[PDB]
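Take a look at the structure set out below.
The chains referred to below are lettered A, B, ... by the order of the sequence lines, with proteins before strands, and numbering in each begins at 1. The basis for the numbers below is simple: all heavy atoms, side chains too, and nothing from hydrogens, waters or symmetry mates.
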Amino acid sequence: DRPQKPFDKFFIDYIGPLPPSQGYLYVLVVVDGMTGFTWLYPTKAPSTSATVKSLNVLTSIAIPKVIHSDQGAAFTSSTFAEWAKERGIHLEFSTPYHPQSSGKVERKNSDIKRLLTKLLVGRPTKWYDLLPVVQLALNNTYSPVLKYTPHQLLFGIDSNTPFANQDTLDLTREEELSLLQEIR
Amino acid sequence: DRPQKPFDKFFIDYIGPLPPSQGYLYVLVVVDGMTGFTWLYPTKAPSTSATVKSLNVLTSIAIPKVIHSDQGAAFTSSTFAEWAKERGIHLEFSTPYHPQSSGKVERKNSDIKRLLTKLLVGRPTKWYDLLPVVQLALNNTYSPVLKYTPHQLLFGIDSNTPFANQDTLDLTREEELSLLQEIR
Amino acid sequence: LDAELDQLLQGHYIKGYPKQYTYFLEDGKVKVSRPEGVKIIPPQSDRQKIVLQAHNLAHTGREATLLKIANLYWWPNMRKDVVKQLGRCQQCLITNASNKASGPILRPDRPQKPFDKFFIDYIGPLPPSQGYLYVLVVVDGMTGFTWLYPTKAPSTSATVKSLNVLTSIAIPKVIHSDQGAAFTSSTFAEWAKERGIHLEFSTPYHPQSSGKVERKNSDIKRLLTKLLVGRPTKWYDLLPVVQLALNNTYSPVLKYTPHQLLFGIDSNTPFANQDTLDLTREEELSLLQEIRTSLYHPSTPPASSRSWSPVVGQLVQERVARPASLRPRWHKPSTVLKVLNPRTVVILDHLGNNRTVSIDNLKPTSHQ
Amino acid sequence: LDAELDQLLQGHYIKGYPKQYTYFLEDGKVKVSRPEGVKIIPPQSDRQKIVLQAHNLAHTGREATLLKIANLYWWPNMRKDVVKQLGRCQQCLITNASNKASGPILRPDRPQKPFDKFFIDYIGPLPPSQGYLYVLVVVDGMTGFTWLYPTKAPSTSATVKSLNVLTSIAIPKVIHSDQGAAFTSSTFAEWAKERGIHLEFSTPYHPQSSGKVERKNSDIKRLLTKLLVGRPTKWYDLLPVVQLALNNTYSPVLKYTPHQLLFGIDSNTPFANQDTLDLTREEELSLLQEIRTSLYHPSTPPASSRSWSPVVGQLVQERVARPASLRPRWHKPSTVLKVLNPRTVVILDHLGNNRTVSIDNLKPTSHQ
DNA sequence: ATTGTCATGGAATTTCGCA
DNA sequence: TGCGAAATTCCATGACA
DNA sequence: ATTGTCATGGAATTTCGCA
DNA sequence: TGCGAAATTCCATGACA
Ligand SMILES: CN(C)S(=O)(=O)c1cc(O)c(O)c2c1CN(Cc1ccc(F)c(Cl)c1)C2=O
Ligand SMILES: CN(C)S(=O)(=O)c1cc(O)c(O)c2c1CN(Cc1ccc(F)c(Cl)c1)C2=O
Ligand SMILES: [Mg+2]
Ligand SMILES: [Mg+2]
Ligand SMILES: [Mg+2]
Ligand SMILES: [Mg+2]
Ligand SMILES: [Mg+2]
Ligand SMILES: [Mg+2]
Ligand SMILES: [Zn+2]
Ligand SMILES: [Zn+2]
C-alpha cells in the first residue's frame, strides 16, 4: 500500500458565525491530510455556493483526490456533489455526530480555532485582514510527530517566514477578562 | 571658353493679364537657355512677391547661375535683388525697350504665347487646368536647330509623352471668328 | 480495438508492438511493463479521444502533449497520433506563431530610366503647420530624386493636385504605391488612365514593397527633426529646403546625388561638382547614360537556416491585419494558387477570393 | 593660414602636402593639380567653416560630407576635419541612429528555490469582462508557477489586495517588477518593507528584464485566445482555468511542469504523473531537490559582429522614451559612471542624475 | 495582380607617397 | 618592391506610422 | 541601484528492436 | 555490430502593450 501524499485528501469545515469583518461571517478551513497545510477562505455563509466559490480558488491551484467533511448541508447538497464529480474529486463524509479525521488534522483544527480565538479578542472585527498572517503562522508551525512544518512538506524547502516563537495560544488574564466581557 | 549647360541661365518673364482662371491672372514663364525647357507658374499679379513665391518652387528643384529678365518692376525691386543674392543667383537685365535673350529663347517664348492663345479661345477661363499639358507639349517639341527636345537635353532620355503631331499653332477660321468676338 | 489487444494478451506478435515486452491484463485494462514504468495500452478506438483530452488541457504542441499522454499510456507511434490532432486543431492553427522565417528578400532591378517608375507614399499626421498635416512623397525609382508636397489629408484629391503639378515636368510610365485609400480609389485610377500611367500596388500590409520611398521618408523626417531641434515644429516652410538638400546629397555607395542622376550636372547649389565643365552637353549626357547603367546593385542575401519558400498547392495562412484583443493573429488555412515570385503569391483566401500577398504575411500551415 | 600656403607656393616642402604635386596661385587662391582635377587649397583658418557649410546642407555623415567638399577643395587629412565636426554637431548626435548592436544578452541564474524571486507584471487593458480590464500576473522564478488576478486598474491598491491573497501561501524573498506606476509607489514600497520582501526593479523601458513573467504573459494570452475562438471575449471566468492549465503544462526543455517543480508531485489533474507512487514523501522531496538543481540553463549567445560593450568614462546616449513627432530619438551625451554588468550601467544623465539603464537603451556617442 | 532600402561610422582593405 | 599612413571600400545596423 | 524567455515543429541526432 | 525506423534532442523563430 502506497505512502500518503499531499493532495491525497483535503479536510474541509466551516468555522463561524464570527463577528462581521468586511462583510464576512465564516471561514472555510481546508487542511491537507498528509502535510497539514492549511488554507482559509472567508465566506458570507456556510452555503454550497460559498463553498464552491471558495474551492474554485483552491482547485485552480491544486486538486485533491478526496475531499473529507462532516455532513454539513453545504457539503451534502446535490450541487456540491455535481461540482466534485465534474472535477473527479471523491467526496467522503464522516457519520453524523461522529466527526473524525486524523490526529494531525484534529490537532491542526484545534490550533486554528485557538489561534483565531486568541487573535480576535481585542479586535473581533479585524480578522479578515489577519487571515494571511494566520495561515503563514499555522503553515510554518513545527510538527512534533513529523520532523517538519507543512510548508516544508508541501514545498520541500525552508520558508522565508520561520515562526521561531512557537507561541502561548493561551488567553492571558486580560484577554479572558475582555473575552468574558465581549459576550455580555 | 566652356560649353553652354542647363542651369547656366534662366530667362523669366510675365504673360498677362489673362482672363481669370481659378483666381489667377498671369503666368510667370521660365525658360532654361541651354535646353529650352520651360516651366510656367500661375500668379495673381506680376509682383516681386508672386515671383519669389513661384521661383521658390522652381529653385527647390534647381538653381540657375543667372536669371535674365527685362526691367519689369517685379524683377528690378530691391527685394527680388535680395532674394537672388541669398541664393547666389546673378541677376541680368536687358536694357529698357530693347528686350533680348537668344534665338532659341525668343522662339520658345513666341511658341508659348501662340500655344496659349490657341488653347484659351473657346475656354478663356480654363487655362489653369491646362498649364501642365502646355508645358509637356512645349518640352517635348523637337528643336530644328539642336537635334533634340528640351526634355531630351534636360534628362538625357526619351520621354513617355512624345508629341508626334507637331501642330498647327495657327488659329482656324472658327477660332479667329470667336477670338474677334471675345474682344467685343 | 479489442481484436488487436486480444491477440496480444495470448502472446501473438502484432506489428508495432515490440515482442520483447510483457503485455498483460489488470483492472480490466491491457498493460505493458516498459522501461519508464507500467503503462496502459488503450484500444485503438480510444486513442483519438485520449490525444484530444491531453491536447486540450492547454492546447499544447507535440512534445508537451506527448508528455501528458505518456504519463498514463503507451501505444505504437504516439507522436503520429498527436501530430494528426495538432493538424486538425483549428484553434491551434490560427493562434500559434510560426517558427519558420520567410525566404531571403528580392532586390528588384533599379528602373532603367528616370520617369520609368515613381514610388509614392504619405508621411503623417505631423504636428499642424500652416494647417497642413501630411506630406506626399514622390520618389523617382532610377534616380532617387524626390518631390515633396504638404497636404491637409492623405486624400485622392490632394494626391491628384500634387501630381498635376509634378507631371508638368514629365509623365512616368508607372506609379507604384501601397494600398492607402488615396491611391486605391477609382478617382485616382481614372486620373492615371487619362494619362497613360500604369498603377502598380504593393501587396497589402507590406511597406517594404514601397521600400524606395519609405527609405526616403526616413531621411526626410531625420533632416526635418535636425532642423527643428530647439525650435517649434514649423515644418511647412522647411519642405522646400529639405527637398533640395536631399536631392543634392551624395549616396556614399553610388558616389552620385539624385540630382546628378537625373540631370547629369549640378545646378547652382553649394559645392557643385565641376568635372564636366569642358564637356559639351552631349558628351555630358553620354557620360550620364554610362553612369546610369553601371550603378551598384545589391543581391539577394543568404536564406536564414530555417526559411520556407511557397509551393503551388501548399496550405498557408495569411496574417490577420489588425487583430482584436484576444483574437487569433492568423486566418484559416488557404491554398497557394500561384507563385508569382519566391516572395509573392496568389492564394485562394479565407472567403473565396484570389489575393496577391507577400510571403512575409504568410505562414505555412503546420503538420501538413 | 597664409604662412603655410606661402612657403608652399615658393616650392618649399610642408608636411602633409605631397611634394610631387604642383601647387600654384590663380584667381587669388592657392590651387593644386590633383589626379581628379584642380582643387582649391583653402587656408587652415578657413577649413572649419567649409566643413561646417558642407555638413549643414543636409547634416550628412563622413563620406557624404567629404564628397561635397572634395568637389571644390583639397587639403591634408580632410576626413579628420569632417569627423571633428561630426563629433560636435549636436543635432546629428541626438538624431542619428546607432549602427552598433548591444552586446549579447545575459542569462541570469534560475533562482535556487521557489519563493526566492517573484516576477510580476500587468497585462491589459483587455475587453471588459465583469467590469475587469487587467490581469496581475505573478510568476515564481524558480518554478514558473503562476498566479493570475483580474483587476479593474493596474493600481498599487489592486496589486496589494492580490498579493495579500497570494502571500497567504508563502512570502517571497524578492519581488521583481518593471517600473509600472503600480509597483513604484511609496504605498507598495511600504507594503513590501512591512513584510521583509525586497523590491527589485527593471531598468526603465526594458521589458526583457521582466522576461520570466513577460514570457508567461504570452502563454496566458495565447491560451485565452484559443479558448475564446468564435465566442465573445468573456475572459474573467477563464483565468482560473488558464492558471491551472499553464501550471500543469510541461516545458519540453525541462521535462517538468511548473506544478511539479513547486510540489514534486501532481495533484488530481488529468494525466497526473505517477512515477513516485511508491516513494515516501521524504524520498519524493529528496528527488525534487535533485531535479531542481539540475535543470537546463541556457548560456549567453555569441556577440553579433558589431556590438559594443560599455566602458567606465565612455560617452553614451540614452534613448528618448516617448519621443514627440519630429523630435530626436536620443538624449544628449552622458558618461558611464559604473558598469554594473556588461548589459547594465549607471550613467550621469541629461540633467545631473544617476540613472541605472539597460545597454539596449543606449548608444555609444559617435566620433569619440 | 508582384518584388525592400540605404545613410551611417568603425573595420577591413586598397592605394598613395616615398624610397 | 616595401613600408606606414591615408584613402577608400565594406557592411551590419536600424528605421521608413 | 542590475541581468530575457521559452513553446513551437521540422531537422539533426540518438536510441531502439531485431538479428 | 549493423540496419531502418522511432524516439528524443536540438534550436531558430517570434511574441510577451
Ligand atoms: C502601420 N500601418 C497602417 S501599415 O499598414 O503597416 C503602413 C501603411 C502605410 O501607408 C505606410 O506608409 C506605412 C505603414 C507602416 N510603415 C512603417 C514601416 C514599417 C516597417 C517597414 F519595413 C517599413 Cl518599410 C515601413 C509605413 O511607412
Ligand atoms: C509599451 N510600453 C509602455 S513599455 O514601456 O515598453 C512596457 C511596459 C510594461 O509594463 C510592460 O509589461 C510591457 C511594455 C512593453 N511590453 C511588450 C514587450 C515588448 C518587447 C519585449 F521584449 C517584451 Cl519582453 C515585452 C510589455 O509587456
Ligand atoms: Mg462543519
Ligand atoms: Mg515682362
Ligand atoms: Mg503609406
Ligand atoms: Mg510609408
Ligand atoms: Mg508591465
Ligand atoms: Mg509586460
Ligand atoms: Zn489546440
Ligand atoms: Zn549635423
**Study point:** Nearest-nucleotide comparison on DNA chain E, the residue closer to the 5′ end among C:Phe201 and C:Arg110
**Key:**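 Result: C:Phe201.
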Point to revise | Residue met sooner reading DNA chain E from 5', once D:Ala97 and C:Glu200 are mapped to nucleotides | key: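 Checking each residue's closest nucleotide, the 5'-ward one belongs to C:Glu200.
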Can you list the residues that meet the salt bridge (charged side-chain N to carboxylate O under 4.0 Å, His left out) rule with [X], with sequence neighbours excluded?
X	answer
D:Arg355	D:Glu318
D:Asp219	D:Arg215, D:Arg222
D:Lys117	D:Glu200

Check your understanding: Strictly by modelled atom types, are D:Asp140 and D:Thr143 linked by a side-chain donor-acceptor pair under 3.5 Å?
Key ->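 Yes, D:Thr143 and D:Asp140 have a side-chain donor paired with an acceptor closer than 3.5 Å.
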Check your understanding: Just by distance, with hydrogens left out, do C:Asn354 and C:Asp349 show a side-chain donor and acceptor under 3.5 Å apart?
Key ->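 No pair is found: no donor N or O on one side chain lies under 3.5 Å from an acceptor on the other.
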Below the 4.0 Å mark, does [N] have OP1 or OP2 next to a side-chain nitrogen or oxygen of [X]?
X	N	value
D:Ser209	G:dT3	yes
D:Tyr296	G:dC6	no
D:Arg79	E:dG10	no
C:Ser218	E:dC6	no
D:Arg107	G:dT5	yes
C:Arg222	E:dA7	no
D:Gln208	G:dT3	no

Scan [X] against the nucleic acid and name what it touches under 4.0 Å (heavy atoms): base, sugar-phosphate only, or nothing.
X	value
C:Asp121	nothing
C:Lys216	nothing
D:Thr249	nothing
C:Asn354	nothing
C:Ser210	nothing
C:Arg343	sugar-phosphate
D:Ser202	sugar-phosphate
C:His59	sugar-phosphate

Once you round it to whole Å, what is the distance between [atom2] of [N] and [atom1] of [X]?
X	N	atom1	atom2	answer
D:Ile347	G:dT2	CD1	P	16 Å
D:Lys212	G:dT2	NZ	P	17 Å
D:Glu63	E:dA12	CD	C1'	14 Å
D:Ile220	G:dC6	CD1	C1'	13 Å
C:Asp178	E:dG4	CG	P	15 Å
C:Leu106	E:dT5	CG	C1'	14 Å
D:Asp219	G:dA7	CG	P	6 Å
D:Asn248	G:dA7	CG	P	14 Å

Practice item. Please state whether the base of E:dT8 and the side chain of D:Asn96 form at least one donor-acceptor pair under 3.5 Å? Key: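 Absent.
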Side chain to side chain contact (heavy atoms under 4.5 Å, CB included) involving [X] - partner list, sequence neighbours excluded:
X	answer
D:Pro207	D:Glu214
C:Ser307	C:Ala303, C:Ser304
C:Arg79	C:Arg62, C:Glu63, C:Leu66
C:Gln91	C:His59, C:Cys89, D:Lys226, D:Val229

Exercise for review: For DNA chain F, note the earliest and the latest nucleotide, 5' to 3', having some atom under 4.0 Å of a heavy atom belonging to chain D.
Suggested key: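 Here the contact window of chain D covers F:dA6 to F:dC16.
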Check your understanding: Of the candidate nucleotides G:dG4, E:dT3, G:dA1, which contains the atom at the shortest distance from the side chain of D:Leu340?
Key ->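 Comparing G:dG4, E:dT3, G:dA1 against the side chain of D:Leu340, the answer is G:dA1.
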**Study point:** From E:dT8, E:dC6, G:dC6, nucleotide with atom closest to C:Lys226 side chain
**Key:**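 Selected nucleotide: E:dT8.
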Point to revise | Partner set under side-chain hydrogen bond (donor to acceptor under 3.5 Å, both in side chains) for D:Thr225, not counting sequence neighbours | key: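 Not a single residue meets the side-chain hydrogen bond (donor to acceptor under 3.5 Å, both in side chains) criterion with D:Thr225.
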Revision key, fill the gap. With both pairing distances under 3.5 angstrom for Watson-Crick or G-U wobble, and | for a partner in another strand, the correct string for DNA chain E is ...||||||||||||||||
Check your understanding: Can G:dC18 and G:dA19, neighbours in the strand, be said to stack by the measure of ring centres under 5.5 Å and ring planes under 30 degrees?
Key ->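 When the rule is applied to G:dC18 and its neighbour G:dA19, the answer comes out as yes.
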Exercise for review: Mark yes or no for whether C:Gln179, through its side chain, and C:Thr184, through its backbone, hold a donor-acceptor pair below 3.5 Å.
Suggested key: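 Between the backbone of C:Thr184 and the side chain of C:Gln179 there is no qualifying donor-acceptor contact (under 3.5 Å).
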Check your understanding: Counting distance only, does the side-chain N/O of C:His55 pair as donor-acceptor with the main-chain N or O of C:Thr60 below 3.5 Å?
Key ->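 Judged by distance alone, yes, a pair lies under 3.5 Å.
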Point to revise | Residue-level proximity of residues 359-368 of chain D to DNA chain E when a heavy atom falls under 4.0 Å | key: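 Only D:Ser366, D:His367 qualify.
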Check your understanding: Considering heavy-atom distances to DNA chain F, does D:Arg62 or D:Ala101 have its closest nucleotide positioned more toward the 5' end?
Key ->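 Nearest-nucleotide comparison on DNA chain F picks D:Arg62.
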Exercise for review: Map D:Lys80 and D:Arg306 onto DNA chain F by nearest heavy atom, then report which one ends up closer to the 5' terminus.
Suggested key: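 Looking at DNA chain F, the more 5' nearest nucleotide goes with D:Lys80.
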Practice item. Indicate the atoms forming the closest heavy-atom contact of C:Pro127 with D:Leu326, along with that distance. Key: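 That would be CD-CD1, 4.3 Å.
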Show every donor-acceptor pair shorter than 3.5 Å between a side-chain atom in residues 100-111 of chain C and any protein atom, with sequence neighbours excluded, or say none if there are none.
unit_1: C:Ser102; atom_1: OG; unit_2: C:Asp360; atom_2: OD1; d: 2.8
unit_1: C:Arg110; atom_1: NH1; unit_2: C:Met142; atom_2: O; d: 2.8

